[PDB]
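Here's the structure, in structure tokens; my notes come after.
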Amino acid sequence: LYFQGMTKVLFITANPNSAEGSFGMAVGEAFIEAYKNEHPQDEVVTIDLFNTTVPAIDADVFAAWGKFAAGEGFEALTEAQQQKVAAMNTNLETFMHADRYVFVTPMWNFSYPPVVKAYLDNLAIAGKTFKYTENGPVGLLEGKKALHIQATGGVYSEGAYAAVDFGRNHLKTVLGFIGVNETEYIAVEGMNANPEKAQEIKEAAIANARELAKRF
Amino acid sequence: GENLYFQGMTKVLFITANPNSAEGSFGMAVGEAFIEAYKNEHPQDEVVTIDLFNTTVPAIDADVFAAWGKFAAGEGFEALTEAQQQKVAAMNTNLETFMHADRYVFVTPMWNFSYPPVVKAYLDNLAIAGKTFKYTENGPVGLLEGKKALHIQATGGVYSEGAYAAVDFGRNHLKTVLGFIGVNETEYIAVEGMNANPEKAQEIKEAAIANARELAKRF
Ligand SMILES: Cc1cc2nc3c(=O)[nH]c(=O)nc-3n(C[C@H](O)[C@H](O)[C@H](O)COP(=O)(O)O)c2cc1C
Ligand SMILES: Cc1cc2nc3c(=O)[nH]c(=O)nc-3n(C[C@H](O)[C@H](O)[C@H](O)COP(=O)(O)O)c2cc1C
Ligand SMILES: CN(C)c1ccc(C(=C2C=CC(=[N+](C)C)C=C2)c2ccccc2)cc1
């Protein structure tokens with residue numbers, strides 16, 4: 001074809017179990033298939049954070065960032081610093097070039113798996129996703145939309161317990177800091193607080209995901 | 001005055017989550033000052049340092065779920081694979097090292113409104129059912145008793161009061177998990193405002209260091 005432009009969607013998952021053993025992954029796959037049937041041509045790339053190199057910010061990264069500030073190039077870094085920065089570049093560039101993001105995270109001790117924090121630490125880079133201005137920082141990503149699907153044993157979406165929903169709230173905060181302010185949230189909650197009605201909660205969340213896909 | 005349970009040496013855990021040292025980190029410089037002041041008040045208390053950037057902190061992954069599945073089935077430690085045995089043992093080491101301690105000190109910087117990811121993996125190594133918490137008919141309840149925790153955080157801006165405290169996710173999430181495992185009292189020291197006010201960087205650091213020395217006399 002003469003034109004190669006298309007909407008790029010990133011299906012970012014952070015759950016070790018598959019869709020058959022995870023409520024979050026089950027609703028995540030239902031939203032993706034419903035989005036594909038509504039949006040052909042659009043590309044959907046899956047990113048499993050448990051099988052993706054996500055370097056944590058450590059002494060090598062600070063040392064690598066320091067040499068970059070001193071005007072030095074990539075060759076000045078050690079081999080260990082080179083492999084970490086390159087993997088951080090790939091994660092950042094792939095996220096910046098996409099248009100739609102879909103996060104699937106389970107709640108482990110009031111927050112997400114730790115690899116989600118390292119992944120966000122790979123995305124928040126000054127000069128790339130946000131810039132400093134006279135009136136504080138400003139996110140750089142424009143024309144982006146994000147969906148977060150979180151599965152929790154208890155119920156956190158409504159009530160006072162939304163204050164301890166740290167995984168959901170911190171993800172929304174970082175997304176807005178890099179310019180992704182148009183977000184959507186689908187809660188898959190209560191399958192373990194009341195196991196007798198866990199399948200109804202899953203089925204209701206699937207219907208909630210299939211409706212959002214036609215307008216997302 | 002005593003004559004109850006012998007001496008009972010107080011174990012203190014100085015848990016750091018910053019790759020830089022005290023010379024290149026405000027939170028570490030305040031954390032090191034608190035320890036030096038605590039050791040002078042209690043010369044016989046044991047202080048064990050745990051650097052999370054140089055400690056095996058296994059993340060909950062596919063091997064951990066497969067291990068917990070075989071443990072719940074009735075099998076023992078002889079059924080796991082070599083990758084599962086190494087991960088489960090290192091989680092028990094971090095768990096029992098934390099449980100056997102009476103005092104806890106955390107030093108973290110704010111990286112994008114939260115802590116480094118290794119802190120979350122370390123907290124997931126501690127919240128274990130039947131060990132640090134259990135579920136009752138009235139709800140979950142922690143099991144650790146007689147513990148006192150202190151969190152030192154260094155942030156560029158100010159997140160102590162107002163609507164900016166709601167986005168201090170690193171401090172708040174650490175308090176919730178510590179309170180979930182029984183440690184209901186976690187004092188907090190803020191080294192904040194160095195990047196918002198670069199001219200007050202040394203004034204804020206020096207004031208927070210003196211605050212940590214005064215707190216070390218009663219902690
Ligand atoms: C290590 C661990 C920690 C958990 N912590 C919480 C929690 O803090 N609050 C909660 O409601 N459920 C908690 N759960 C239960 C999960 O939220 C529940 O399994 C949910 O369905 C997410 O699983 P899934 O995304 O794989 O479907 C925890 C489960 C595990 C294994
Ligand atoms: C990767 C990174 C992310 C940061 N994110 C924030 C932030 O979200 N809010 C803030 O006030 N400061 C932020 N800072 C600045 C540090 O929190 C601040 O300089 C703090 O003093 C660093 O802690 P330390 O000196 O003890 O290492 C960030 C710094 C880095 C390197
Ligand atoms: C069986 N039942 C009625 C329940 C037992 C426990 C829980 C909860 C919970 C909190 C923290 C957890 N963590 C940290 C593992 C796990 C569960 C819980 C979740 C949200 C609000 C209040 C409590 C909900 C229902």
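Going through the structure tokens in order, the chains are called A, B, and so on, while each chain numbers its residues from 1 and the ligands are numbered from 1 in the order shown.
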
Could you give me the residues within segment 48-154 of chain B that DSSP places in alpha helix (DSSP H), as an mmCIF file with N, CA and C atoms, in the first residue's frame?
data_model
loop_
_atom_site.group_PDB
_atom_site.id
_atom_site.type_symbol
_atom_site.label_atom_id
_atom_site.label_comp_id
_atom_site.auth_asym_id
_atom_site.auth_seq_id
_atom_site.Cartn_x
_atom_site.Cartn_y
_atom_site.Cartn_z
ATOM 1 N N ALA B 62 6.209 -15.819 37.753
ATOM 2 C CA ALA B 62 5.593 -17.102 37.433
ATOM 3 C C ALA B 62 6.124 -18.215 38.329
ATOM 4 N N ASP B 63 7.419 -18.178 38.654
ATOM 5 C CA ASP B 63 7.991 -19.205 39.520
ATOM 6 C C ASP B 63 7.430 -19.116 40.934
ATOM 7 N N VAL B 64 7.170 -17.899 41.417
ATOM 8 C CA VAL B 64 6.659 -17.735 42.774
ATOM 9 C C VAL B 64 5.224 -18.242 42.873
ATOM 10 N N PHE B 65 4.403 -17.965 41.856
ATOM 11 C CA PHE B 65 3.035 -18.473 41.859
ATOM 12 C C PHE B 65 3.007 -19.991 41.724
ATOM 13 N N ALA B 66 3.886 -20.550 40.888
ATOM 14 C CA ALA B 66 3.970 -22.001 40.773
ATOM 15 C C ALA B 66 4.448 -22.636 42.072
ATOM 16 N N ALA B 67 5.309 -21.941 42.819
ATOM 17 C CA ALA B 67 5.750 -22.456 44.110
ATOM 18 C C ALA B 67 4.620 -22.415 45.130
ATOM 19 N N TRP B 68 3.938 -21.270 45.236
ATOM 20 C CA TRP B 68 2.808 -21.159 46.153
ATOM 21 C C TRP B 68 1.698 -22.140 45.799
ATOM 22 N N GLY B 69 1.594 -22.521 44.525
ATOM 23 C CA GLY B 69 0.609 -23.518 44.144
ATOM 24 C C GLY B 69 0.960 -24.904 44.650
ATOM 25 N N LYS B 70 2.244 -25.265 44.595
ATOM 26 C CA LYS B 70 2.669 -26.563 45.107
ATOM 27 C C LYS B 70 2.724 -26.587 46.629
ATOM 28 N N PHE B 71 3.004 -25.447 47.265
ATOM 29 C CA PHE B 71 2.958 -25.391 48.722
ATOM 30 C C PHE B 71 1.534 -25.566 49.235
ATOM 31 N N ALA B 72 0.562 -24.936 48.571
ATOM 32 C CA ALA B 72 -0.831 -25.082 48.971
ATOM 33 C C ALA B 72 -1.378 -26.471 48.671
ATOM 34 N N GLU B 82 14.786 -25.770 40.638
ATOM 35 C CA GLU B 82 15.971 -25.068 41.123
ATOM 36 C C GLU B 82 15.791 -23.556 41.067
ATOM 37 N N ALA B 83 15.054 -23.056 40.071
ATOM 38 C CA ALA B 83 14.776 -21.626 40.010
ATOM 39 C C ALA B 83 13.752 -21.214 41.060
ATOM 40 N N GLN B 84 12.796 -22.092 41.369
ATOM 41 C CA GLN B 84 11.797 -21.789 42.385
ATOM 42 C C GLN B 84 12.376 -21.891 43.793
ATOM 43 N N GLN B 85 13.273 -22.854 44.026
ATOM 44 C CA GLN B 85 13.881 -22.992 45.347
ATOM 45 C C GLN B 85 14.728 -21.776 45.697
ATOM 46 N N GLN B 86 15.502 -21.273 44.732
ATOM 47 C CA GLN B 86 16.346 -20.111 44.988
ATOM 48 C C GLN B 86 15.511 -18.866 45.267
ATOM 49 N N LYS B 87 14.393 -18.705 44.556
ATOM 50 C CA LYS B 87 13.565 -17.519 44.747
ATOM 51 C C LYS B 87 12.811 -17.572 46.070
ATOM 52 N N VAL B 88 12.279 -18.742 46.432
ATOM 53 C CA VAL B 88 11.512 -18.855 47.671
ATOM 54 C C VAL B 88 12.417 -18.664 48.883
ATOM 55 N N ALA B 89 13.631 -19.218 48.836
ATOM 56 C CA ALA B 89 14.543 -19.093 49.968
ATOM 57 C C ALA B 89 14.958 -17.644 50.192
ATOM 58 N N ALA B 90 15.258 -16.917 49.113
ATOM 59 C CA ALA B 90 15.665 -15.523 49.254
ATOM 60 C C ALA B 90 14.518 -14.646 49.740
ATOM 61 N N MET B 91 13.272 -15.039 49.462
ATOM 62 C CA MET B 91 12.135 -14.307 50.009
ATOM 63 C C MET B 91 11.976 -14.578 51.500
ATOM 64 N N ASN B 92 12.253 -15.811 51.932
ATOM 65 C CA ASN B 92 12.186 -16.128 53.354
ATOM 66 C C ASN B 92 13.312 -15.459 54.131
ATOM 67 N N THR B 93 14.472 -15.264 53.498
ATOM 68 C CA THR B 93 15.576 -14.582 54.166
ATOM 69 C C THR B 93 15.222 -13.129 54.460
ATOM 70 N N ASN B 94 14.712 -12.411 53.456
ATOM 71 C CA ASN B 94 14.289 -11.033 53.677
ATOM 72 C C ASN B 94 13.112 -10.957 54.639
ATOM 73 N N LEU B 95 12.248 -11.973 54.635
ATOM 74 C CA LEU B 95 11.091 -11.970 55.525
ATOM 75 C C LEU B 95 11.515 -12.159 56.977
ATOM 76 N N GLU B 96 12.312 -13.194 57.249
ATOM 77 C CA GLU B 96 12.690 -13.493 58.627
ATOM 78 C C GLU B 96 13.686 -12.480 59.178
ATOM 79 N N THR B 97 14.510 -11.879 58.317
ATOM 80 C CA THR B 97 15.390 -10.807 58.773
ATOM 81 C C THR B 97 14.582 -9.601 59.237
ATOM 82 N N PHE B 98 13.471 -9.317 58.554
ATOM 83 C CA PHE B 98 12.627 -8.190 58.939
ATOM 84 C C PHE B 98 11.814 -8.509 60.187
ATOM 85 N N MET B 99 11.288 -9.733 60.285
ATOM 86 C CA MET B 99 10.447 -10.088 61.423
ATOM 87 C C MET B 99 11.249 -10.126 62.719
ATOM 88 N N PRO B 117 11.514 1.019 42.429
ATOM 89 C CA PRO B 117 10.688 -0.199 42.347
ATOM 90 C C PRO B 117 11.120 -1.310 43.289
ATOM 91 N N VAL B 118 12.391 -1.345 43.696
ATOM 92 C CA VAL B 118 12.864 -2.398 44.586
ATOM 93 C C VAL B 118 12.181 -2.327 45.946
ATOM 94 N N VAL B 119 11.658 -1.159 46.323
ATOM 95 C CA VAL B 119 10.930 -1.047 47.584
ATOM 96 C C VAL B 119 9.624 -1.828 47.515
ATOM 97 N N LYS B 120 8.942 -1.780 46.369
ATOM 98 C CA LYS B 120 7.699 -2.528 46.218
ATOM 99 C C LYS B 120 7.953 -4.030 46.228
ATOM 100 N N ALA B 121 9.018 -4.476 45.556
ATOM 101 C CA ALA B 121 9.378 -5.889 45.604
ATOM 102 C C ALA B 121 9.772 -6.313 47.011
ATOM 103 N N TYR B 122 10.385 -5.409 47.777
ATOM 104 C CA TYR B 122 10.750 -5.730 49.152
ATOM 105 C C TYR B 122 9.517 -5.804 50.043
ATOM 106 N N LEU B 123 8.538 -4.926 49.812
ATOM 107 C CA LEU B 123 7.302 -4.986 50.584
ATOM 108 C C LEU B 123 6.488 -6.226 50.241
ATOM 109 N N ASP B 124 6.534 -6.670 48.982
ATOM 110 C CA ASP B 124 5.864 -7.909 48.608
ATOM 111 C C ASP B 124 6.543 -9.131 49.211
#

Tell me, counting only C-alpha atoms and all ligand atoms, for each residue of chain A within 9 Å of ligand 3, which pair of atoms is nearest and how far apart they are in Å to one decimal, in rows ordered by chain and increasing number, as a Markdown table.
| residue | atom | partner | partner_atom_place_in_ligand_line | distance |
| --- | --- | --- | --- | --- |
| A:107 | CA | ligand 3 | 13 (N) | 8.5 |
| A:108 | CA | ligand 3 | 15 (C) | 6.7 |
| A:109 | CA | ligand 3 | 14 (C) | 4.1 |
| A:110 | CA | ligand 3 | 14 (C) | 6.0 |
| A:152 | CA | ligand 3 | 19 (C) | 7.7 |
| A:153 | CA | ligand 3 | 17 (C) | 6.0 |
| A:154 | CA | ligand 3 | 19 (C) | 3.6 |
| A:155 | CA | ligand 3 | 20 (C) | 4.8 |
| A:156 | CA | ligand 3 | 20 (C) | 5.7 |
| A:160 | CA | ligand 3 | 21 (C) | 8.9 |
| A:161 | CA | ligand 3 | 21 (C) | 5.9 |
| A:162 | CA | ligand 3 | 21 (C) | 8.9 |
| A:164 | CA | ligand 3 | 20 (C) | 8.7 |
| A:165 | CA | ligand 3 | 20 (C) | 8.9 |
| A:190 | CA | ligand 3 | 25 (C) | 7.6 |
| A:192 | CA | ligand 3 | 1 (C) | 6.5 |
| A:193 | CA | ligand 3 | 25 (C) | 3.9 |
| A:194 | CA | ligand 3 | 3 (C) | 6.7 |
| A:195 | CA | ligand 3 | 1 (C) | 8.6 |

### Task
Please check which protein, DNA or RNA residues sit within 7 Å of ligand 2, counting only C-alpha atoms and all ligand atoms, and write them as a ChimeraX atom specification.
/A:121 /B:18,20,24-28,108-113,154-158,192,194-195

Selected residues written out, N, CA and C atoms, as a CSV table (one decimal), in the first residue's frame:
chain,number,residue,atom,x,y,z
A,121,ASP,N,9.4,4.6,35.4
A,121,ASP,CA,10.7,5.3,35.6
A,121,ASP,C,11.4,5.3,34.2
B,18,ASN,N,18.6,3.9,47.9
B,18,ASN,CA,19.2,5.0,47.1
B,18,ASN,C,20.6,4.5,46.6
B,20,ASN,N,23.0,6.3,45.4
B,20,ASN,CA,24.1,7.2,45.7
B,20,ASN,C,24.3,7.1,47.2
B,24,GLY,N,26.0,12.4,48.0
B,24,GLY,CA,25.2,12.7,46.8
B,24,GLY,C,23.8,12.5,47.0
B,25,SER,N,23.3,12.4,48.2
B,25,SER,CA,21.9,12.1,48.5
B,25,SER,C,21.5,12.8,49.8
B,26,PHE,N,20.4,13.6,49.7
B,26,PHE,CA,20.0,14.3,50.9
B,26,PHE,C,19.3,13.3,51.9
B,27,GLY,N,18.6,12.3,51.4
B,27,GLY,CA,17.9,11.3,52.2
B,27,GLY,C,19.0,10.4,52.9
B,28,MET,N,20.0,10.1,52.2
B,28,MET,CA,21.1,9.3,52.8
B,28,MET,C,21.9,10.0,53.9
B,108,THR,N,14.4,6.5,51.3
B,108,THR,CA,14.1,6.4,49.9
B,108,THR,C,14.0,7.8,49.3
B,109,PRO,N,14.3,8.0,48.1
B,109,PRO,CA,14.0,9.2,47.4
B,109,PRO,C,12.7,9.1,46.6
B,110,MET,N,12.2,10.3,46.2
B,110,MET,CA,11.0,10.3,45.4
B,110,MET,C,11.4,10.3,43.9
B,111,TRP,N,11.1,9.2,43.3
B,111,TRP,CA,11.3,9.1,41.8
B,111,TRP,C,10.0,9.0,41.2
B,112,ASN,N,9.5,10.1,40.6
B,112,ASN,CA,8.2,10.2,39.9
B,112,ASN,C,7.1,9.8,40.9
B,113,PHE,N,7.0,10.6,42.0
B,113,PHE,CA,5.9,10.6,42.9
B,113,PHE,C,5.8,9.3,43.7
B,154,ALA,N,13.5,12.0,50.7
B,154,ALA,CA,14.0,13.2,50.1
B,154,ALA,C,13.3,13.5,48.8
B,155,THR,N,12.6,14.6,48.8
B,155,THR,CA,11.8,15.0,47.6
B,155,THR,C,12.2,16.4,47.1
B,156,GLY,N,12.1,16.6,45.8
B,156,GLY,CA,12.5,17.9,45.2
B,156,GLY,C,11.5,19.0,45.7
B,157,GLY,N,10.2,18.8,45.5
B,157,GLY,CA,9.2,19.7,45.9
B,157,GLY,C,8.8,19.4,47.3
B,158,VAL,N,7.7,20.0,47.7
B,158,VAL,CA,7.1,19.8,49.1
B,158,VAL,C,5.8,19.1,48.9
B,192,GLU,N,12.6,18.0,52.1
B,192,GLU,CA,11.8,18.5,51.0
B,192,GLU,C,12.1,19.9,50.7
B,194,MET,N,14.4,21.1,48.2
B,194,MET,CA,15.7,21.4,47.7
B,194,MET,C,15.7,21.8,46.3
B,195,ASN,N,14.9,21.1,45.5
B,195,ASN,CA,14.8,21.5,44.1
B,195,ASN,C,13.8,22.7,43.8

#### Entry: Nearest to ligand 1, chosen from A:112, A:182, A:209, A:122, with only C-alpha atoms and all ligand atoms counted in the distances
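Of the candidates, the smallest distance to ligand 1 is held by A:112.
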
Please determine the contact residues of chain A with respect to chain B at a cut-off of 6 Å, counting only C-alpha atoms, and supply them as a PDB file with C-alpha atoms, in the first residue's frame.
ATOM      1  CA  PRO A  16       2.467 -13.495  35.517  1.00  0.00           C
ATOM      2  CA  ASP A  58      20.682   2.450  39.616  1.00  0.00           C
ATOM      3  CA  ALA A  59      24.268   3.679  39.922  1.00  0.00           C
ATOM      4  CA  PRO A 114       7.250  -3.543  41.119  1.00  0.00           C
ATOM      5  CA  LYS A 117       7.214   1.315  38.704  1.00  0.00           C
ATOM      6  CA  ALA A 118      10.457   0.575  36.855  1.00  0.00           C
TER       7      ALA A 118
END
